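Protein chains in written order, with the numbering used here: chain A, 14 to 110; chain B, 14 to 110; chain C, 246 to 328; chain D, 246 to 328; chain E, 2 to 110; chain F, 2 to 110; chain G, 2 to 110; chain H, 88 to 182; chain I, 88 to 182; chain J, 88 to 182.
For every residue, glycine included, the Cβ atom is placed at its ideal position computed from N, Cα and C.
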Amino acid sequence: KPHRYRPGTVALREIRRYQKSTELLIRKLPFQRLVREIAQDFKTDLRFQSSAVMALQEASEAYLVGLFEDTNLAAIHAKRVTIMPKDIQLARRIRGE
Amino acid sequence: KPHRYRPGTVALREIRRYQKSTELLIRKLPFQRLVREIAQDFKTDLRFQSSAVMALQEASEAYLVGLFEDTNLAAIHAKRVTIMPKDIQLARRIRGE
Amino acid sequence: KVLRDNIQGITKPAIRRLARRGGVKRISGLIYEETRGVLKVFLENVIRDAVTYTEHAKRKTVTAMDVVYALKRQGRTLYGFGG
Amino acid sequence: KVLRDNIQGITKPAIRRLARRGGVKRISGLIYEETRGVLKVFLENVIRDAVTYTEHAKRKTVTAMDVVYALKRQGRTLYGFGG
Amino acid sequence: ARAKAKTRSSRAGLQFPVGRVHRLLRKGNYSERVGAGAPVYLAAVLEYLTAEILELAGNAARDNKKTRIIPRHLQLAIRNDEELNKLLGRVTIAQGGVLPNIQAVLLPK
Amino acid sequence: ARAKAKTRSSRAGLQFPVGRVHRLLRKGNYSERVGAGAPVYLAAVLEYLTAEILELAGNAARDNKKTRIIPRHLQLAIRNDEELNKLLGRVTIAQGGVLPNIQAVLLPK
Amino acid sequence: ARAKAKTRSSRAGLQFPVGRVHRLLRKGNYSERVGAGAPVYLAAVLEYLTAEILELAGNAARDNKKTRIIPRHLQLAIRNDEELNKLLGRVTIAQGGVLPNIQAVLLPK
Amino acid sequence: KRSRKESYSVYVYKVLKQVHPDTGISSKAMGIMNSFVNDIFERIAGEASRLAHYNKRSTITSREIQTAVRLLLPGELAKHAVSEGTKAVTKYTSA
Amino acid sequence: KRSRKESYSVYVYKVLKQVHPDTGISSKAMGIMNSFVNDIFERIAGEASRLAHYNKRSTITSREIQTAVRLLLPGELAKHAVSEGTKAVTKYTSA
Amino acid sequence: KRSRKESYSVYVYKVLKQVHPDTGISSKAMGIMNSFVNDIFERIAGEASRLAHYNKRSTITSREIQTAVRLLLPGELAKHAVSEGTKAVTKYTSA
DNA sequence: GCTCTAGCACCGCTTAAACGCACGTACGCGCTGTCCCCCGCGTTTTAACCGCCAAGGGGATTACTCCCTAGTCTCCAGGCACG
């Protein structure tokens with residue numbers, strides 16, 4: 014029998030690894046494609062500094078980890094551990110938008 | 014038996030009446046004396062006009078009531094109609110204190 | 246002159262009426278203590294700021310103008326008192 | 246030239262890595278498209294501002310300086326590219 | 002010997018003050034200099050915003066069958082517009098109370 | 002016969018400039034006149050904050066047995082400190098990540 | 002014809018006297034030469050010591066709500082600190098008494 | 088002998104009579120309007136000052152406060168304010 | 088050569104050489120420190136401007152920044168900051 | 088006629104008012120601080136003289152007291168004192 | 001330094017607020033079943049990353065020259081004080 018870790022153990026190992034980690038968690042070129050796409054929605058043929066793509070990356074992921082920290086608090090509030098769309102809607106409604 | 018409503022019906026009447034209401038919810042004199050209590054807690058012989066007491070009043074119901082919309086959104090998130098303190102400090106933590 | 250414990254002067258039914266404006270149906274008996282505590286915390290912040298404003302102005306009476314300045318600083322801007 | 250679908254380019258395991266950075270253990274299957282949506286909406290919120298500075302500057306190229314300015318306007322000030 | 006004294010707001014055809022807002026910016030220390038169209042534009046923006054909120058205030062007074070505007074009507078007007086709430090979500094109101102907002106599970110049955 | 006150009010920061014006994022801070026106060030357009038205590042006081046509070054956070058950064062780096070300061074050490078240093086966290090709640094550090102702050106019930110038993 | 006007088010304490014930004022300690026090290030007869038940084042170094046050290054202990058004594062005086070420092074406040078201040086206890090284990094304090102120190106077995110029950 | 092206090096009294100009253108001639112006004116609502124005008128004026132002024140700082144512009148222009156209107160004022164009221172401001176400066180420079 | 092992009096470079100290295108002689112500095116951490124000094128200077132300068140307008144003062148001296156430090160920086164850091172700022176202004180008066 | 092007896096009067100008063108403006112002094116406490124500063128001074132001075140004998144240097148520099156304060160003063164107290172003296176001597180050499 | 005005015009201090013009725021007890025009903029939640037749904041791991045694909053090379057759009061700089069804007073003297077007229 015091949016060895017199999019229990020559900021959640023590899024999840025906690027990912028948690029510990031990625032809290033210890035500091036690197037980017039998004040592939041950079043599809044992110045750049047997406048931000049050029051949404052820039053084209055508002056103004057055509059805009060150009061991006063690669064550092065500007067990195068800044069939008071880090072601000073975006075910081076926003077996401079703040080929202081996910083909020084939804085973890087919402088999930089442990091709801092006697093649960095699986096985060097739900099109602100948790101994300103709650104966190105955004107609390108934060109005032 | 015005398016006249017008596019089910020629990021919540023008078024509560025709904027209270028909610029409707031004081032969402033309709035525009036007048037002040039808290040007493041004037043103990044609020045002013047509590048302001049004075051905090052004042053001489055910081056610097057003695059501090060005076061207040063009645064308008065300033067009204068201003069701290071308005072700020073108090075604004076802040077507290079806003080915490081109550083945040084709080085009962087938390088409470089309906091937890092599938093409950095009775096609120097508990099953990100809703101209040103979790104809401105204060107999500108607000109970013 | 247000096248007072249000790251007027252914080253219960255904001256009575257429990259005042260808090261109930263506040264939560265009725267806040268649309269809370271059921272208010273536990275445990276709730277009123279931390280509402281008084283957070284109200285103490287918020288007023289401690291606001292009156293610290295306001296006292297700092299007035300002591301900057303070399304006065305001895307707090308104006309509502311300094312109160313609405315303190316509400317500008319802390320991010321709870323209030324309308325209607327000459328701000 | 247024109248791009249239509251790169252919101253799916255932010256892959257689901259990449260969102261999983263982000264949530265592990267957010268400390269999430271268990272993620273529902275309906276979460277990922279919603280995270281795409283809220284990151285999307287946040288990108289309009291940021292980039293309309295950033296494009297607005299860019300068109301104020303009479304420029305065509307997005308710079309990180311305006312990204313910092315847009316993020317600090319919303320009170321989400323970003324260290325690491327200002328100055 | 003002199004030109005007739007003419008208000009700049011009526012030159013722009015607005016009621017809101019070109020002069021008072023211009024002087025208040027110049028003494029408000031936001032730059033050293035101000036363009037000529039800047040306080041005209043700002044007065045136009047403020048007059049538009051006040052016109053919208055006073056139109057909704059008159060609508061609220063007519064709904065309450067009252068003639069004079071109350072800050073309750075003003076809070077009712079602001080909270081019933083989504084984009085003004087996006088403008089004034091963190092602003093607290095004097096004697097406005099709360100908008101009528103009862104939640105789905107808060108209502109009975 | 003002019004006196005030797007001696008620095009105002011050393012007159013403060015400090016390192017953050019009275020000159021640059023006074024210049025960015027004057028050209029930041031915050032008041033018409035600026036008192037002489039203003040830039041020395043504000044440079045002093047920045048030097049206090051800087052010394053405190055690089056103290057915590059150095060201790061964080063030596064805790065991780067590393068020599069050169071990294072924004073991971075900086076972000077760790079900021080959210081060990083309660084009053085720094087209350088100062089910088091809404092600020093995001095580049096490449097800092099998140100300090101390990103793991104809630105207890107999601108940890109295994 | 003002469004430079005204006007500046008004390009070395011003002012040059013170092015200290016308010017313990019650099020010259021007094023320099024004299025008292027010359028006439029304390031500890032070496033025939035003394036480096037110039039030595040007395041200002043020592044005065045800064047005593048400045049840190051006295052500032053530390055006057056923080057402690059003023060805080061203790063506020064804790065017993067008395068306005069003026071007393072040797073009882075000083076003796077609480079020294080004896081409630083560990084490193085000052087090692088620094089002054091063999092030191093007698095006039096009218097300072099003893100720190101409140103009851104052993105666990107001396108308590109009833 | 089008391090001192091004059093600067094307000095927006097008859098100006099808001101005039102635009103009130105333009106939008107609703109038959110209605111009245113209270114003093115508490117007037118405090119609300121005065122603080123509202125002050126707060127929105129301050130928000131626009133602050134964002135205009137920051138925008139002039141960012142693009143090294145030492146003057147406040149109508150273009151950059153129009154930019155500020157796109158920034159602070161959201162959505163459809165933003166383009167209404169753009170229409171109002173451009174119309175206003177049009178009949179202002181034609182005056 | 089290019090135009091000088093002004094920063095807080097040598098100051099952060101010398102304050103580190105005061106507080107920790109042996110540790111080194113990365114460029115990312117240095118950018119973080121630059122943006123930190125920018126943010127804190129901007130906050131304190133803006134609140135000083137606010138107190139200037141609020142007390143109808145055209146003058147900003149150390150007293151208004153002492154007011155602002157008591158406002159913004161909480162508690163322990165506030166009184167610490169007031170202490171070394173007072174020492175700094177006293178050595179400024181003693182030159 | 089009286090002969091003046093030297094003490095550490097104004098220095099302890101000034102440093103107390105720099106750390107606590109609203110806290111007063113009693114004279115017996117003032118004698119305790121006089122004896123404290125004299126005691127610690129003679130401890131450091133005797134240790135410095137012994138070091139000068141010990142390394143056969145005819146001088147006591149800042150480095151001798153730097154050595155002596157990790158000798159007598161403990162740890163964090165000593166390292167804070169070393170930092171205070173280091174910034175003090177850099178200000179002294181700059182003046 | 002003056003002054004004058006609303007806050008501070010003190011005074012006297014009035015039931016509304018508070019409060020407290022008691023009946024009553026609803027409230028939260030644990031057990032446990034039950035159903036279900038997403039993580040772990042293996043395998044396969046595929047473009048991300050790397051790394052390598054051409055090209056040109058515009059960011060940024062320098063200069064020019066002119067648009068504009070605060071300031072000031074002065075004058076008058078509508079908003080504020082006052083009723």
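Cβ of residue i within 9 Å of Cβ of residue j?
i, j, result
"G59 (chain E)", "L103 (chain H)", "yes"
"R304 (chain D)", "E134 (chain H)", "no"
"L47 (chain G)", "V169 (chain J)", "no"
"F44 (chain A)", "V78 (chain A)", "no"
"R266 (chain C)", "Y76 (chain B)", "no"
"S73 (chain B)", "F287 (chain C)", "yes"
"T148 (chain I)", "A13 (chain F)", "no"
"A87 (chain B)", "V94 (chain B)", "no"
"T110 (chain H)", "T297 (chain D)", "no"
"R108 (chain A)", "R106 (chain B)", "no"
Rounded to whole angstroms, what is the Cα-Cα separation between residue i and residue j?
i, j, result
"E53 (chain E)", "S94 (chain I)", "46 Å"
"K28 (chain F)", "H107 (chain H)", "46 Å"
"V269 (chain D)", "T280 (chain D)", "13 Å"
"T146 (chain J)", "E33 (chain G)", "7 Å"
"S181 (chain H)", "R293 (chain D)", "32 Å"
"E83 (chain G)", "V19 (chain G)", "29 Å"
"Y314 (chain D)", "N85 (chain B)", "35 Å"
"residue 243 (chain D)", "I39 (chain A)", "One cannot answer for residue 243 (chain D) here, as it falls past the ends of chain D, which runs 246 to 328."
"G320 (chain D)", "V48 (chain A)", "21 Å"
"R137 (chain I)", "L25 (chain E)", "14 Å"
"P101 (chain F)", "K143 (chain I)", "47 Å"
"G274 (chain C)", "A264 (chain C)", "13 Å"
"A68 (chain A)", "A309 (chain D)", "6 Å"
"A2 (chain G)", "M120 (chain I)", "48 Å"
Are there any heavy atoms of the ligand ATP lying less than 8 Å away from the beta-carbon of residue i, as far as the coordinates show?
i, result
"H16 (chain A)", "Absent from the structure shown: the ligand ATP. Ligands present: none."
Please confirm if residue i has its CB atom under 9 Å from at least one CB of chain I.
i, result
"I71 (chain F)", "yes"
Shortest alpha-carbon distance to residue i belongs to which of the options?
i, options, result
"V35 (chain G)", "J:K178, J:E151, J:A155, J:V169", "J:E151"
"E171 (chain J)", "G:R9, G:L57, G:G90, G:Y42", "G:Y42"
For residue i, would you say it is in contact with chain D, using Cβ-to-Cβ distances shorter than 9 Å as the test?
i, result
"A61 (chain F)", "no"
"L50 (chain F)", "no"
Is the CB of residue i under 9 Å away from at least one CB in chain J?
i, result
"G20 (chain F)", "no"
Going along the chain, which residues of its own chain have a beta-carbon closer than 6 Å to the beta-carbon of residue i, five neighbours each way excluded?
i, result
"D83 (chain A)", "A104"
"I70 (chain E)", "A58, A62"
Of all Cβ atoms in chain A, is any one closer than 9 Å to the Cβ of residue i?
i, result
"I96 (chain B)", "no"
"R49 (chain B)", "no"
"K305 (chain D)", "yes"
"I101 (chain B)", "no"
"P40 (chain F)", "no"
Going along the chain, which residues of its own chain have a beta-carbon closer than 7 Å to the beta-carbon of residue i, five neighbours each way excluded?
i, result
"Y277 (chain D)", "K257, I260"
"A61 (chain G)", "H74, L77, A78"
Should residue i be flagged as near chain C, meaning a C-beta pair shorter than 9 Å?
i, result
"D109 (chain H)", "no"
"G133 (chain H)", "no"
"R80 (chain E)", "no"
Are any of the Cβ atoms in chain H nearer than 9 Å to that of residue i?
i, result
"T322 (chain C)", "yes"
For residue i, I'd like the list of residues in its chain whose CB is within less than 8 Å of its CB, leaving aside the five on either flank, ordered along the chain.
i, result
"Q253 (chain C)", "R281"
Examine chain G for any beta-carbon lying closer than 9 Å to the beta-carbon of residue i, and answer yes or no.
i, result
"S149 (chain I)", "no"
Beta-carbon of residue i versus every beta-carbon of chain B: anything under 9 Å?
i, result
"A264 (chain C)", "yes"
"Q104 (chain E)", "yes"
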